[PDB]
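> What follows is final21.txt; its format and atoms are compact mmCIF, C-alpha atoms and all ligand atoms.
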```
# COMPACT_ATOMS: atom_id res chain seq x y z
CA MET A 1 96.40 220.48 88.74
CA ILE A 2 94.71 223.34 90.62
CA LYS A 3 91.39 222.80 92.33
CA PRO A 4 89.32 224.67 94.91
CA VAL A 5 88.75 223.01 98.27
CA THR A 6 86.77 223.67 101.44
CA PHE A 7 87.06 222.68 105.09
CA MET A 8 85.58 223.80 108.40
CA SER A 9 87.31 225.75 111.16
CA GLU A 10 85.69 227.11 114.33
CA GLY A 11 82.26 226.25 112.96
CA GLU A 12 82.68 228.13 109.65
CA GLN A 13 83.73 227.34 106.09
CA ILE A 14 87.18 228.09 104.73
CA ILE A 15 87.74 228.16 100.98
CA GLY A 16 91.12 227.42 99.54
CA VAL A 17 92.99 226.24 96.48
CA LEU A 18 95.07 223.06 96.22
CA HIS A 19 98.01 222.68 93.82
CA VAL A 20 98.77 219.04 93.02
CA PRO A 21 101.74 218.04 90.83
CA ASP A 22 100.67 216.46 87.56
CA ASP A 23 103.50 213.87 87.61
CA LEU A 24 102.34 212.39 90.95
CA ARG A 25 101.78 208.66 90.41
CA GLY A 26 99.00 206.56 91.96
CA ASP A 27 100.69 205.23 95.09
CA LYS A 28 103.22 208.08 95.32
CA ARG A 29 103.03 210.67 98.08
CA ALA A 30 104.42 214.18 97.88
CA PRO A 31 105.63 216.63 100.52
CA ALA A 32 103.26 219.51 101.12
CA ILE A 33 103.17 223.17 102.11
CA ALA A 34 100.36 225.21 103.68
CA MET A 35 100.60 228.95 102.86
CA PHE A 36 99.29 231.62 105.25
CA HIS A 37 98.42 235.05 103.91
CA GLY A 38 98.78 238.41 105.62
CA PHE A 39 96.62 241.00 107.36
CA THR A 40 93.94 242.31 104.98
CA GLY A 41 95.44 239.86 102.46
CA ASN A 42 93.89 236.82 100.82
CA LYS A 43 95.16 233.50 99.50
CA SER A 44 96.29 234.99 96.16
CA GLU A 45 98.18 237.81 97.98
CA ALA A 46 99.65 241.05 96.70
CA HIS A 47 100.11 241.11 92.93
CA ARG A 48 99.28 237.36 93.01
CA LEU A 49 102.53 236.62 94.85
CA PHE A 50 101.12 233.45 96.46
CA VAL A 51 99.82 232.18 93.12
CA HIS A 52 103.31 232.44 91.67
CA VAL A 53 104.97 230.98 94.76
CA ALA A 54 102.51 228.07 94.81
CA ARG A 55 102.94 227.34 91.09
CA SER A 56 106.73 227.24 91.49
CA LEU A 57 106.54 224.99 94.57
CA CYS A 58 104.15 222.64 92.80
CA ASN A 59 106.45 222.51 89.76
CA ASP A 60 109.17 221.54 92.29
CA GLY A 61 107.04 218.60 93.45
CA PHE A 62 105.05 219.91 96.43
CA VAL A 63 101.36 219.71 97.07
CA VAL A 64 100.45 223.29 98.03
CA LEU A 65 97.39 224.48 99.95
CA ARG A 66 96.52 228.18 99.92
CA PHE A 67 93.38 229.33 101.74
CA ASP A 68 91.60 232.38 103.09
CA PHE A 69 91.59 232.79 106.83
CA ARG A 70 88.11 233.16 108.27
CA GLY A 71 87.13 236.80 107.83
CA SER A 72 89.28 237.16 104.72
CA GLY A 73 88.74 236.51 101.05
CA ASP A 74 85.93 234.08 100.29
CA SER A 75 85.93 232.26 103.60
CA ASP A 76 83.10 232.66 106.06
CA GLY A 77 83.28 235.19 108.88
CA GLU A 78 83.73 238.95 109.18
CA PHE A 79 87.18 240.50 109.13
CA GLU A 80 86.44 242.62 112.21
CA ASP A 81 86.18 239.43 114.29
CA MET A 82 89.57 238.10 113.22
CA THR A 83 92.28 237.32 115.76
CA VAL A 84 95.77 235.84 115.49
CA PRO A 85 94.74 232.84 117.65
CA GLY A 86 91.78 232.32 115.34
CA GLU A 87 94.15 232.26 112.37
CA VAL A 88 96.37 229.76 114.22
CA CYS A 89 93.25 227.60 114.58
CA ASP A 90 92.65 227.89 110.82
CA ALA A 91 96.30 227.18 110.06
CA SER A 92 96.27 224.00 112.14
CA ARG A 93 93.12 222.93 110.33
CA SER A 94 94.93 223.36 107.01
CA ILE A 95 97.57 220.92 108.24
CA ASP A 96 94.82 218.50 109.21
CA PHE A 97 93.48 218.83 105.65
CA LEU A 98 96.84 218.06 104.01
CA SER A 99 97.46 215.20 106.43
CA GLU A 100 94.27 213.45 105.31
CA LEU A 101 95.08 213.52 101.60
CA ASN A 102 96.24 210.09 100.48
CA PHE A 103 98.75 211.59 98.01
CA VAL A 104 100.44 213.75 100.68
CA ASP A 105 103.33 212.46 102.79
CA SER A 106 101.97 213.27 106.25
CA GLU A 107 105.56 213.26 107.59
CA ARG A 108 106.79 215.94 105.12
CA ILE A 109 104.45 218.89 105.67
CA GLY A 110 105.74 222.43 106.18
CA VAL A 111 104.37 225.95 106.27
CA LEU A 112 104.93 229.32 104.58
CA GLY A 113 103.64 232.64 105.86
CA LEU A 114 103.73 236.28 104.74
CA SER A 115 103.89 239.05 107.40
CA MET A 116 100.92 238.45 109.73
CA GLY A 117 100.76 234.98 108.15
CA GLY A 118 104.40 234.57 109.11
CA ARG A 119 103.41 235.45 112.66
CA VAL A 120 100.82 232.65 112.46
CA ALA A 121 103.35 230.25 110.90
CA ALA A 122 105.90 230.89 113.66
CA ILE A 123 103.34 230.50 116.44
CA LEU A 124 101.97 227.30 114.98
CA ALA A 125 105.45 225.86 114.39
CA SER A 126 106.36 226.54 118.03
CA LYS A 127 103.56 224.12 119.04
CA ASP A 128 102.80 221.70 116.20
CA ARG A 129 105.18 218.66 115.89
CA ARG A 130 103.70 217.95 112.42
CA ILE A 131 105.47 220.97 110.92
CA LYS A 132 108.78 219.90 109.40
CA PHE A 133 110.03 223.22 107.97
CA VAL A 134 109.00 226.89 108.13
CA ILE A 135 109.28 229.61 105.48
CA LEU A 136 108.79 233.21 106.63
CA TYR A 137 108.34 236.11 104.19
CA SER A 138 108.42 239.65 105.61
CA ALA A 139 107.28 238.05 108.87
CA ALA A 140 105.89 240.11 111.78
CA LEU A 141 107.72 238.56 114.72
CA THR A 142 107.71 241.40 117.28
CA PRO A 143 105.10 243.03 119.51
CA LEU A 144 102.39 244.75 117.48
CA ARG A 145 99.63 245.89 119.86
CA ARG A 146 101.19 249.27 120.75
CA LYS A 147 102.12 249.98 117.11
CA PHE A 148 98.56 249.20 115.97
CA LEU A 149 96.99 251.44 118.62
CA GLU A 150 99.45 254.25 117.85
CA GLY A 151 97.84 254.43 114.41
CA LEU A 152 94.42 255.21 115.89
CA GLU A 153 92.96 258.37 117.41
CA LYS A 154 92.27 258.23 121.13
CA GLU A 155 88.51 258.46 120.54
CA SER A 156 88.73 255.45 118.23
CA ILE A 157 90.60 253.42 120.85
CA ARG A 158 87.77 254.14 123.30
CA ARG A 159 85.17 253.02 120.75
CA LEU A 160 87.22 249.84 120.33
CA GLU A 161 87.15 249.36 124.11
CA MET A 162 83.37 249.82 124.02
CA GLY A 163 82.97 247.01 121.49
CA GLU A 164 82.82 248.86 118.19
CA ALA A 165 84.51 247.85 114.99
CA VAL A 166 86.73 250.78 114.02
CA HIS A 167 88.26 251.72 110.69
CA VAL A 168 91.88 250.64 110.31
CA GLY A 169 92.32 251.81 106.72
CA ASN A 170 91.28 251.08 103.13
CA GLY A 171 87.80 250.02 104.16
CA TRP A 172 88.82 247.39 106.72
CA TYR A 173 87.27 247.47 110.21
CA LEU A 174 88.42 245.70 113.35
CA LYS A 175 87.11 244.95 116.85
CA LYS A 176 89.15 244.89 120.01
CA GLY A 177 89.69 241.13 120.09
CA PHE A 178 92.40 241.47 117.46
CA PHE A 179 94.27 244.11 119.44
CA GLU A 180 93.86 242.18 122.71
CA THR A 181 95.41 238.98 121.32
CA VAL A 182 97.87 240.02 118.60
CA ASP A 183 100.59 239.82 121.28
CA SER A 184 99.15 236.89 123.26
CA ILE A 185 102.06 234.99 121.75
CA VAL A 186 104.85 237.18 120.34
CA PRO A 187 106.90 235.01 117.96
CA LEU A 188 110.30 236.15 119.20
CA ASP A 189 109.32 234.77 122.63
CA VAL A 190 108.68 231.22 121.26
CA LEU A 191 111.07 231.09 118.27
CA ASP A 192 113.56 229.05 120.34
CA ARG A 193 111.00 226.22 120.51
CA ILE A 194 111.29 225.69 116.72
CA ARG A 195 113.96 223.07 116.01
CA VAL A 196 113.05 222.28 112.39
CA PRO A 197 114.58 224.20 109.48
CA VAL A 198 113.42 227.82 109.14
CA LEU A 199 114.01 230.16 106.19
CA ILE A 200 113.59 233.89 106.94
CA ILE A 201 113.30 236.22 103.92
CA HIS A 202 112.97 239.94 104.56
CA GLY A 203 113.47 243.08 102.50
CA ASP A 204 115.92 245.72 103.69
CA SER A 205 113.45 248.39 102.44
CA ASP A 206 110.34 247.05 104.20
CA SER A 207 108.52 250.12 105.51
CA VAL A 208 105.79 248.02 107.19
CA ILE A 209 107.73 245.43 109.20
CA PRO A 210 111.24 246.59 110.18
CA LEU A 211 114.08 244.31 109.14
CA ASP A 212 115.24 244.52 112.77
CA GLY A 213 112.66 241.91 113.74
CA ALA A 214 113.92 239.36 111.22
CA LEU A 215 117.51 239.95 112.37
CA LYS A 216 116.48 239.35 115.98
CA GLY A 217 114.55 236.26 114.97
CA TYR A 218 117.51 234.81 113.11
CA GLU A 219 119.82 235.61 116.03
CA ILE A 220 117.58 233.49 118.26
CA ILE A 221 117.33 230.46 115.97
CA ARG A 222 120.49 230.46 113.86
CA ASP A 223 122.19 227.63 115.78
CA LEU A 224 119.06 225.61 116.61
CA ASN A 225 119.14 223.91 113.18
CA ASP A 226 122.15 224.17 110.87
CA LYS A 227 119.80 224.61 107.90
CA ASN A 228 118.27 227.81 109.28
CA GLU A 229 118.84 230.73 106.91
CA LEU A 230 118.26 234.47 106.70
CA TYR A 231 118.11 236.03 103.25
CA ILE A 232 117.92 239.82 103.06
CA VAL A 233 116.43 241.04 99.78
CA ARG A 234 118.42 244.15 98.91
CA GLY A 235 115.99 246.84 97.85
CA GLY A 236 113.06 244.57 98.69
CA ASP A 237 109.86 246.12 99.99
CA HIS A 238 107.23 244.48 102.18
CA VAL A 239 105.54 242.45 99.42
CA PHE A 240 108.41 242.31 96.90
CA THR A 241 106.59 244.42 94.33
CA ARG A 242 109.46 244.61 91.84
CA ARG A 243 109.37 241.55 89.60
CA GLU A 244 113.06 240.79 90.11
CA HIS A 245 112.53 240.69 93.88
CA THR A 246 109.55 238.30 93.60
CA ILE A 247 111.75 236.08 91.40
CA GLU A 248 114.64 236.27 93.88
CA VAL A 249 112.31 235.28 96.76
CA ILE A 250 110.95 232.29 94.85
CA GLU A 251 114.41 231.18 93.68
CA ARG A 252 115.84 231.37 97.19
CA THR A 253 112.88 229.44 98.56
CA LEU A 254 113.26 226.64 95.98
CA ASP A 255 117.02 226.48 96.48
CA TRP A 256 116.67 226.24 100.26
CA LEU A 257 114.00 223.55 99.97
CA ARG A 258 116.37 221.59 97.73
CA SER A 259 118.82 221.53 100.65
CA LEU A 260 116.24 219.72 102.78
CA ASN A 261 115.86 216.78 100.34
CA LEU A 262 112.06 216.73 100.59
CA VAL A 263 111.44 215.87 96.93
CA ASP A 264 113.31 213.11 95.10
CA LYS A 265 111.99 213.07 91.53
CA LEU A 266 114.91 210.92 90.38
CA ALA A 267 113.95 208.20 92.87
CA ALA A 268 110.32 208.67 91.78
CA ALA A 269 111.30 207.07 88.45
CL CL B 301 88.29 234.14 116.30
```
Output the structure of this file as structure tokens.
Ligand SMILES: [Cl-]


Amino acid sequence: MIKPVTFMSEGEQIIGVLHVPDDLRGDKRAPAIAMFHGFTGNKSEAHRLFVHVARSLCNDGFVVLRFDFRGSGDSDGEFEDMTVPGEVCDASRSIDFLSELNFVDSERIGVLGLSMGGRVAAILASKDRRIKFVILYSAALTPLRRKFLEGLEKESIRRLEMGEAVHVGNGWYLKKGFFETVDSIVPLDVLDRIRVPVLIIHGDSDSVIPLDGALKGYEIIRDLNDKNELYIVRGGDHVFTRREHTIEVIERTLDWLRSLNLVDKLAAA
């Protein structure tokens, strides 16, 4: 079952989509995953990657919530006002939403994030005791403010300082709040607070987010939980465009989740 949902965050509506397993009995409760999209992404994500990921997770027995951050997709708000802390607010609200569903096991909720959404996932997991596992795809874990500004002309940076929304490419505009707070929390600085299982998947041909950041992240957390894993997708680009890479990412994610024993369909009988 797939159905649209809405909830409020920071005074504004978020629209999302909820995947519910069809074999979920009346009293039964399922583990759940909230999925966080990337920068200038939406809840379907590139070449519908999140749709495919969510369908596979739901087939595996998870309730899955995908939603548009405020300022993205069909949620309220303007993109130029978006900030990473604002997306952490939204992300926490999506956990609230899953926690209040009577067919979700409130003690078996985890998160999945792609790139900037992986940044959000890591930040939220460093704080939120409700998160029981973290899945990071192509995650942006390192400082980004300087790299973002280095892509802008000096006169554009001044206009940003003066309060203008400036063009950042492909028709997307951004105000300074994003640049001021994208490094308020840098994930590498708080990764050692995450003690639940973390799966890091990163392509060795990612031209957007260097693999180096995923390697550093794994180095920090590898012995904090003996289920933590780093999977490097050989030939994989930032959003796993080649079909075989998308399949590999999904297969590795399902396999890893199996190791955590979150679903027990045999016992469900
Ligand atoms: Cl905000």

> Which polymer residues, protein or nucleic acid, are no farther than 10 Å from (109.1, 204.0, 92.5), counting all atoms listed in the file, as an MDAnalysis selection string?

chainID A and resid 25 27:28 265:269

> Every residue with an atom at most 6 Å from (112.7, 237.3, 119.6) (file coordinates; all atoms listed in the file) is what I'm after, so could you write them as a list in words?

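Protein and nucleic acid residues near the point are residues 188, 189, 216 and 217 of chain A.
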
> Give me the residues near residue A:214 as JSON, numbers by chain, where near means some atom within 12 Å (using only C-alpha atoms) and where sequence neighbours in that chain fewer than 5 positions away do not count.

{"A": [115, 118, 119, 122, 136, 137, 138, 139, 140, 141, 142, 187, 188, 191, 198, 199, 200, 201, 202, 203, 204, 206, 209, 219, 220, 221, 222, 229, 230, 231, 232, 233]}

> Using only C-alpha atoms and all ligand atoms, find each residue with an atom at most 6 Å away from ligand CL 301 (chain B) and format the answer as a list in words.

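Listed by chain and ascending number, the contacts are residues 82, 83 and 86 of chain A.
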
> Name all residues at most 10 Å from stretch 163-175 of chain A (count all atoms listed in the file; drop same-chain ones fewer than 4 positions away) and give them as a PyMOL selection string.

chain A and resi 40+78-83+148-149+151-152+156-159+179-180

> Name the closest residue to residue A:8 among the candidates A:93, A:34, A:45, A:84; distances are taken between atoms, counting all atoms listed in the file.

A:93

> Emit as AutoDock Vina command-line options the padded axis-aligned box for all listed atoms of stretch 21-36 of chain A, 8 Å per side, with centre and edge lengths in Å to one decimal.


```
--center_x 102.3 --center_y 218.4 --center_z 96.4 --size_x 22.6 --size_y 42.4 --size_z 33.7
```

> Between A:260, A:18, A:194, A:160, which is the closest to residue A:94 once you count only C-alpha atoms?

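Using only C-alpha atoms, residue A:94 sits closest to A:18.
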
> Using all atoms listed in the file, which of A:228, A:184, A:207, A:9 sits nearest residue A:257?

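Of the candidates, the smallest distance to residue A:257 is held by A:228.
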
> Hey, which of A:30, A:182, A:162, A:135 ends up closest to residue A:108? Count only C-alpha atoms.

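Closest to residue A:108, using only C-alpha atoms: A:30.
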
> Counting all atoms listed in the file, which of A:208, A:192, A:2, A:154 gets nearest to residue A:54?

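Residue with the minimum atom-to-atom distance to residue A:54: A:2.
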
> Name the residues in contact with stretch 102-104 of chain A at a cut-off of 10 Å, using all atoms listed in the file, excluding same-chain residues fewer than 5 positions from it; report them as a list in words.

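Here the qualifying residues turn out to be residues 20, 24, 25, 26, 27, 28, 29, 30, 31, 32, 33, 62, 63, 64, 97 and 109 of chain A.
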
> Residues of the last selection are to be written out with C-alpha atoms, as a tab-separated table (two decimals), in the frame of the given file.


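What landed in part04.tsv:
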```
chain	number	residue	atom	x	y	z
A	20	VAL	CA	98.77	219.04	93.02
A	24	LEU	CA	102.34	212.39	90.95
A	25	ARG	CA	101.78	208.66	90.41
A	26	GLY	CA	99.00	206.56	91.96
A	27	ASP	CA	100.69	205.23	95.09
A	28	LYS	CA	103.22	208.08	95.32
A	29	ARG	CA	103.03	210.67	98.08
A	30	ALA	CA	104.42	214.18	97.88
A	31	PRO	CA	105.63	216.63	100.52
A	32	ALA	CA	103.26	219.51	101.12
A	33	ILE	CA	103.17	223.17	102.11
A	62	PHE	CA	105.05	219.91	96.43
A	63	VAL	CA	101.36	219.71	97.07
A	64	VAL	CA	100.45	223.29	98.03
A	97	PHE	CA	93.48	218.83	105.65
A	109	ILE	CA	104.45	218.89	105.67
```

> For residue A:196, work out the shell of residues within 8 Å, counting only C-alpha atoms and skipping chain neighbours fewer than 6 positions away, then give it as a PyMOL selection string.

chain A and resi 131-134+225

> When distances are computed from only C-alpha atoms, which of A:5, A:58, A:111, A:190 shows the smallest separation from residue A:263?

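For residue A:263, the nearest of the given residues is A:58.
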